[PDB]
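# Commentary on secondary and tertiary structure
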Amino acid sequence: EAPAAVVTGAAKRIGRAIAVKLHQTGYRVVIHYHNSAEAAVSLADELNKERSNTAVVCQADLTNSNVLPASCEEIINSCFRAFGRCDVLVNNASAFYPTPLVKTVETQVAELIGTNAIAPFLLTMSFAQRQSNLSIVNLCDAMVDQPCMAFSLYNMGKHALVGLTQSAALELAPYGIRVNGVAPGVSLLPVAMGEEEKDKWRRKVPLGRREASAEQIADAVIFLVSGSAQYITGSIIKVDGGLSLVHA
Amino acid sequence: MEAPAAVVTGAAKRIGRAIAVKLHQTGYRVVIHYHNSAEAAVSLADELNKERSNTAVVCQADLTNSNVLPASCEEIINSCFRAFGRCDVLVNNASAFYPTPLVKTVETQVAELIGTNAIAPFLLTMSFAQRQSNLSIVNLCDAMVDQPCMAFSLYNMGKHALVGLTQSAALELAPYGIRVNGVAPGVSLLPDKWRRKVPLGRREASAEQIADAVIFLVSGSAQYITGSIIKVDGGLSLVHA
Amino acid sequence: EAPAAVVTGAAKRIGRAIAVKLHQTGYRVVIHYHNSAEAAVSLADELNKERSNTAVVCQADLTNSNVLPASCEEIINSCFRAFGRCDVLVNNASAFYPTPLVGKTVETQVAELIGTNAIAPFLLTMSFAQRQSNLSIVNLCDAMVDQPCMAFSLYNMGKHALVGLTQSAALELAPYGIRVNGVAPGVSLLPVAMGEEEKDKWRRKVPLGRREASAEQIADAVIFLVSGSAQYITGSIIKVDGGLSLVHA
Amino acid sequence: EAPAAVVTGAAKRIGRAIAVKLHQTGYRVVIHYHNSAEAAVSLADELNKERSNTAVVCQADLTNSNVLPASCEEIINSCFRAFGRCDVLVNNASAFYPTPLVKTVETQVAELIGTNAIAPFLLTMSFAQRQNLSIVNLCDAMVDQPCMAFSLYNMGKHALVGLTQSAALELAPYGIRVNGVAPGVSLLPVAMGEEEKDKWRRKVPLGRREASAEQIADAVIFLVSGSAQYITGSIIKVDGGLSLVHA
Ligand SMILES: NC(=O)c1ccc[n+]([C@@H]2O[C@H](COP(=O)([O-])OP(=O)(O)OC[C@H]3O[C@@H](n4cnc5c(N)ncnc54)[C@H](OP(=O)(O)O)[C@@H]3O)[C@@H](O)[C@H]2O)c1
Ligand SMILES: NC(=O)c1ccc[n+]([C@@H]2O[C@H](COP(=O)([O-])OP(=O)(O)OC[C@H]3O[C@@H](n4cnc5c(N)ncnc54)[C@H](OP(=O)(O)O)[C@@H]3O)[C@@H](O)[C@H]2O)c1
Ligand SMILES: NC(=O)c1ccc[n+]([C@@H]2O[C@H](COP(=O)([O-])OP(=O)(O)OC[C@H]3O[C@@H](n4cnc5c(N)ncnc54)[C@H](OP(=O)(O)O)[C@@H]3O)[C@@H](O)[C@H]2O)c1
Ligand SMILES: NC(=O)c1ccc[n+]([C@@H]2O[C@H](COP(=O)([O-])OP(=O)(O)OC[C@H]3O[C@@H](n4cnc5c(N)ncnc54)[C@H](OP(=O)(O)O)[C@@H]3O)[C@@H](O)[C@H]2O)c1
Ligand SMILES: Nc1nnc(NCc2cccs2)s1
Ligand SMILES: Nc1nnc(NCc2cccs2)s1
Ligand SMILES: Nc1nnc(NCc2cccs2)s1
Ligand SMILES: Nc1nnc(NCc2cccs2)s1
C-alpha cells in the first residue's frame, strides 16, 4: 500500500535528509550509497526501527563506465525487489571538485559527468522502463550560470542535468511521470572546507547570511513529489536564499 | 491575533479565488481585493466568514496605473492591518490580459497592462514592506514569458517587468526577512487547441493547482526560497514550435 | 541612397558612439536628445561636416505621458522628413537611478524609468513599423538584468520589460522583414556622477581585463546586428559584458 | 603573420562554411574531419589554390574514450606544427540522433556527450595550455525546448553551454574569449524529405526558411573579430526567432 523511493547518495547530508523526510511522509526507501556503508546501514536501521521493512540499502559506484547501465538498472531493481514498486527517483549523488583548464582527466570526466548526469539519465531510463503519482527529482545547482571558477567539468555535469530534467519531463509526461529539479545554492558546506571560507559563502546569502539546512532542501523535494505538484513538470525550484540574484 | 493574514488581488474569481480559499483553509485571514466583481468578492467573503467568522474582508480598487494608484495600493495593505492587525502575505494575482498589436487609447492599454501586471505589484510591495514571522510575497507570473503570444507585447512587457520585480524585491527585502517568489502558470483556466499542446495530460491546470504552489511558497516549507519562480505549466514551456 | 537610422539619447556617451559608428558605415542619422541640446547639435555639425545633409537632431522627452505616443511618432517622422526613409531604430535612451522599496513622486519615477526604458521603445517600435532593404531595431538592454543592483527595482522592471519587448516585437515583426535584437552592456561608461574609487570597484569585477566596455565596443555590437552579417538574427540579445554576468557573489 | 584557426567537423555543411569564411578573413585553417576525408581534402585543396599553404586536414574521432585527450591534444598541436600558432578554436563537430528513454547506450553516451561536450572541453584545455585569442562553440538555440527523445544530445548541448560559460570565466585572465553561436534550424539532414524540411522551415518567423551555413558562419566571424573584443561568455542565437515560438 505505501509508495517507494530511491534516493542516490542517501547516506549523508542532503540525500539523507531527503530519505528521512520521504520516510516520514509514508515512503519506503532505498538508500543508495557508494563508500559510506556504515552511515547507510545505520540510517536504514533507524528507519526500520520506526516502521519495519521500510528501508533497504543499495551499494553502487555511479562513475561512468561500460557497467554503469547495469549498476543503475540494479538500483532501480533493488527498489522493486524490496517493495514491489518504485514511485519516486531522487538523483542526489554527486562528485564535486575542481578541474582547471590550465586522477586522469578521463577519470575526472567519468566521475563528474557520470555521477552528476549520466547516472541520472540511466536511472531515469531504468525507472521508466520498469513502470499513481510517479516522479523524478534531480538535484541541480542554483549557481549553474555563475559557476565556481575552475569547476568546468562539474558545471558541465549540472548543466547537462538541467537538460535531462527538461528532456525527460517532456518525453515521460505521456506516461504520467513528472520530472523536476531542486537547485541548492549554498547548502551544507564541504566537510573539507575551513570555517573562514564557510562564513565567506554564508555572508553572500541575502536571506539570513547562512547556508540551507539539508531539511530545507528536502522540503522542496517533498513538495515536488507530493499531490500538490501534480501539474508541475520540467520545473527547477531554486532553494538558494537569493544567492543567484546577487551580482559580483 | 496569532492567525496570520493575507492580501490577494483579483480574488473574486478563477485563480485568485482559489488562492484565497486555499489560504483561508490553511488558517489565514484574507483581504479579497476586487475591481468590478463586487458580487463575487462579497459572496466568497460570505462563504469564508461562515466557516470562521471575521476572517475575510473585501477591498475595492482599480489597479490601472494613475496618479491615485499609489494611494489605492497603500489602502489595500492598510485594510489588512485594519481588519486583522498584521499582513503576512501579499499575493499579486490581478491581471489585465488582451492583445496590443504593434501594426482604448494606447496609453490606456499601457496603464492597465503595465499597471495591473507590474506597477500595482511594485506599489503593493512597497506598502507591504514599509508597514513591517513568515513574511512573503508571491507574484503571479507567466510560464510563457519567453515564448509569448503573438501581438501581446504590452502584456508580455508587464509580465517580464513582474519577473524583474520578483527578483529585485527578493534581493532588497531579504534583509527584512520578506521572501519574494513567483508562480508561473501556463494554460490554466481559459478566458481545446491549447489543451492538446500540454505534455502533462493534455488539460489545463486547475486554479487549485496554481494555488497549491502558492501555498507551498508561503509555507514554512519554503523558508529558504526567495527569488524563485515555480512554473506550473504541465511542461508546456518545454514544447518547441 | 544611403540608409537612415534613429538613435535615442544620442548626444553623448554610448548613444553618440552608436550614431557615429552608424554614420561611418554610411547611415544618415537622427540624433534624438532630451536635455543635451548643445552636445547633440555639436554632434550633428561634426557629422554633417564629414558629409552634407547626413545628420539632424530631434528633441523629445521620453517620459511616459499621454503625449508620449505623439513624441515617438514625431521622432520617427523626423527621420522620414529628413531622409525619406527609416531603416534602423536604436532604443538607447535610458533613465537610471535608485527607487528603494523601503525628490520625485513615485508616479514620476515610474513614468521616467518605465517610460524611457520600455514604453518609449514600444511606441517607437510601433511607429517605426507602421511608417514602413535591411530593416532592424536594436534595444540597449542590461546584461545584469537578472542580478540587479539593490534598490533599482523600477529601473530593473523597465529593462526586463525591454527584454520582453525585444522578444515580442521580433516575433510579431518578423513577417514584415523587421528584425529586433538587443545589446546588453555589463559595465560600460560609468556614471559621470560616480567617483573614481566607486568606478574602480566595478572595473575590478570584470573578468575580461578588469575594465568597463568602451562606448565603441558597445557600438560595434549594434553595428553587427544592423548589418547584413546578422540577416537571420532576430530576438537575440548579445551581452557585451566581459564575463561580468557570469561572476558569482 | 596570418592567424590560425582549428574548425572541428569542417569538411561539410556548417563547419565547411566556417572554415571558408575564416579563410576569407585571412585565417590559415586546420580542417578537422572524422569520416569525411574526401570532402575535407577537397576543401583544403580549394583553400590552398586560393593561398598556398593555408589549409591542412586533421583526422580524428571525437567520441569519448581513453584516447580522446591525446586526440584533442593532437588536433591543437597540428595547428601549431602547421602554422606556428593557434588563435581560434571552433567547436563545431556534433553527433545528433535520438536516444529514447523508453549502438549500446554507452556508445551513445560516448558519441553524443563526447562530440558535443567532452571533446570541446579537452580541445579547450589543450588550446589554453598551449598559449585576439578566442573559442566559439556551436550550441543549439532550442536547448530549452528540445526535440522529444533526444535526451543525450540535449544533455551534451546543455553541457556545452556550461563549458562556454565556465571557460569564459576561467580563461578571461589569459585574454582568451569564449562564446557560442546557437543555430535554430540551419542546414537540414541530407535524407530528410522536402515535405519534412518545409514543416521546420514554416515554423521560422523570419522568412520561413532555415539559416544558411554562411549565416551561422557570419556570427562566428563576428565573435572572433576585433569587433567583439569585450564579448565573452555570450551565446548568440542565429535562429530567425524560432526559439521564441510557443507550441
Ligand atoms: N551542499 C551544497 O551546498 C550544494 C550546492 C549545490 C548543489 N548541491 C547538490 O545537492 C545534492 C546533494 O548535495 P551534498 O553536498 O549532500 O552532496 P555530497 O555530500 O557532496 O555528495 C552526496 C553523495 O554523493 C555520493 N557520491 C559521490 N561520488 C559518487 C560516485 N562515484 N558514485 C556514487 N555516489 C557518489 C556520495 O556517497 P558516499 O558518501 O556513499 O560515497 C556522497 O555522500 C548534490 O547533487 C549536489 O551537487 C549541493
Ligand atoms: N489562467 C491562465 O491560463 C494564466 C496563464 C498565465 C498567467 N496567468 C496569471 O495568473 C493570474 C490569475 O489568472 P486568471 O486567469 O485567474 O486572471 P484573470 O481572470 O484574467 O484576472 C483576474 C482578476 O484580475 C483583476 N483585474 C483585471 N483588471 C483589473 C484592473 N484594471 N484593476 C483591478 N483588478 C483587475 C480582475 O478583478 P475584478 O474581476 O474584480 O474586476 C480579474 O478577475 C494572473 O496574474 C495571470 O496573468 C494565468
Ligand atoms: N553605461 C553602462 O555601463 C550601461 C550598463 C548597462 C546598460 N546600459 C544601457 O546602455 C544604454 C546607453 O547607456 P549610457 O550610460 O550611454 O546612457 P545614459 O548616459 O545614462 O543615458 C543616455 C541618454 O538617455 C537620455 N534620457 C534620459 N532620460 C530621458 C528622458 N526622460 N527622455 C529622453 N531621453 C532621456 C539622455 O538624453 P539627454 O542627455 O539628451 O538628456 C541621456 O543622455 C542605456 O539604455 C543603458 O541602460 C548601460
Ligand atoms: N544544422 C542545424 O540546423 C543545427 C541546429 C542546431 C545546432 N547545430 C549545431 O551546429 C553545428 C554544425 O551543424 P551541422 O548540421 O553542420 O553538423 P553535422 O553536419 O550534423 O555534423 C558536423 C560534423 O560533425 C562531425 N562528427 C560527427 N560525429 C563525430 C565524431 N564521432 N568524431 C568527430 N567528428 C564527428 C562529422 O564529421 P565527418 O563528416 O568528417 O565524419 C560531421 O560532418 C553542430 O555543433 C550542431 O549541433 C546545427
Ligand atoms: N556535490 C556537491 N555539489 N555542490 C556542492 N556545493 C558545495 C559548495 C561549495 C561552496 C559553496 S557550496 S557539494
Ligand atoms: N489575466 C490573464 N493573464 N494570462 C492569461 N492567460 C490565459 C490563457 C490561457 C491559454 C491561452 S491564453 S489570463
Ligand atoms: N542608463 C543607464 N543604465 N545603466 C547604466 N549603468 C551605469 C552603472 C552603474 C554601476 C555600474 S554601471 S547607466
Ligand atoms: N549536429 C547537429 N545538431 N543539430 C542538428 N540539427 C538538424 C535539425 C534541425 C531541426 C530539425 S533537424 S545537426
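Residues numbered from 1 in each chain as written, not as in the entry; some residues may be left out. Chains lettered and ligands numbered in written order. Heavy atoms only, no water. Residues with missing side-chain atoms left out of burial classes, pairs and counts.

Looking at the method and resolution fields of the entry, one finds X-ray crystallography and 1.9200 Å.

Take the UniProt feature "active site" (unreviewed entry) in chain A next. All names here are of chain A. In this structure's numbering, the residues bearing the UniProt feature "active site" (unreviewed entry) are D141 and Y154. Inspection of the secondary structure assignment puts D141 in the loop between strand 5 (134-139) and helix 5 (152-172). Look at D141 and you get buried, because its relative accessible area is 13%. When sequence neighbours within four positions are dropped, the list of residues in contact with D141 reads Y154, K158, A183 and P184. From its side chain, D141 meets the backbone nitrogen of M143 in a polar contact 2.9 Å long. For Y154, the location among the structural elements is in helix 5. Taking relative accessible area as the criterion, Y154 reaches 11% and is therefore assigned buried. (UniProt positions renumbered as here; feature names shortened; annotations may be inferred. Helix = DSSP H or I, 4+ residues; strand = E, 2+ residues; numbered from the N terminus. Buried < 20%, exposed > 50% of the residue type's maximum accessible area, 1.4 Å probe, protein only. Contact = heavy atoms within 4.5 Å. Polar contact = N/O pair within 3.5 Å; in protein donor to acceptor, adjacent residues only side chain to side chain.)

With that settled, the discussion passes to the pairing of strand 3 (residues 56-60) of chain B. Across a regular strand the side chains alternate sides, sitting on one face of the sheet and then on the other. All names here are of chain B. Strand direction decides the pairing type here: strand 2 (residues 29-34) and strand 3, joined by five bridges, are parallel. Each bridged residue has a counterpart across the sheet, and for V31 the counterpart in strand 3 is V57. Taking the sense of rotation as the criterion, the β-α-β connection linking strand 2, helix 2 (residues 38-51) and strand 3 turns out right-handed. (Pairing = 2+ DSSP bridges. Right-handed = clockwise from strand over helix to strand, strands pointing away.)

Take the interface of chain A and chain D next. Interfaces are frequently sized by the accessible area removed from exposure as the parts join. With 42 residues of chain A at the interface, the matching set in chain D holds 41 residues. Per-residue buried area on chain A facing chain D is highest for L101(A), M156(A) and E171(A); these three make up 21% of the total on that side. At the junction of chain A and chain D, the tally comes to zero salt bridges. The tally of links from chain A across to chain D stands at 11 residue pairs in polar contact. Listing elements by their share of the side of chain A that touches chain D, those giving two or more residues are helix 3 (68-83), helix 4 (105-130) and helix 5 of chain A. (Buried area = accessible area lost by both parts, 1.4 Å probe. Salt bridge = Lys/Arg side-chain N within 4 Å of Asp/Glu carboxyl O.)

Turning our eyes to something else, we now look at the UniProt feature "active site" (unreviewed entry) in chain D. All names here are of chain D. Those residues carrying the UniProt feature "active site" (unreviewed entry) are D140 and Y153 in this numbering. Take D140: its relative accessible area is 14%, and that puts it in the buried class. Within polar-contact distance, the side chain of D140 engages the backbone nitrogen of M142 at 2.8 Å. Once you skip the residues sitting within four places of it in the chain, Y153 turns out to touch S94, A95, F96, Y97, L112, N116 and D140.

With that out of the way, let us pick up the interface of chain C and chain B. Counting residues at the interface gives 42 residues for chain C and 43 residues for chain B. Buried surface at the junction of chain C and chain B, both sides included, amounts to about 3500 Å², of which 70% is carbon and sulfur. Taken together, the connections running from chain C to chain B amount to zero salt bridges. Joining chain C to chain B, the criterion identifies nine residue pairs in polar contact. Of all the elements in the fold, those that place two or more residues in the side of chain C that touches chain B are helix 3 (68-83), helix 4 (106-130) and helix 5 (153-173) of chain C.

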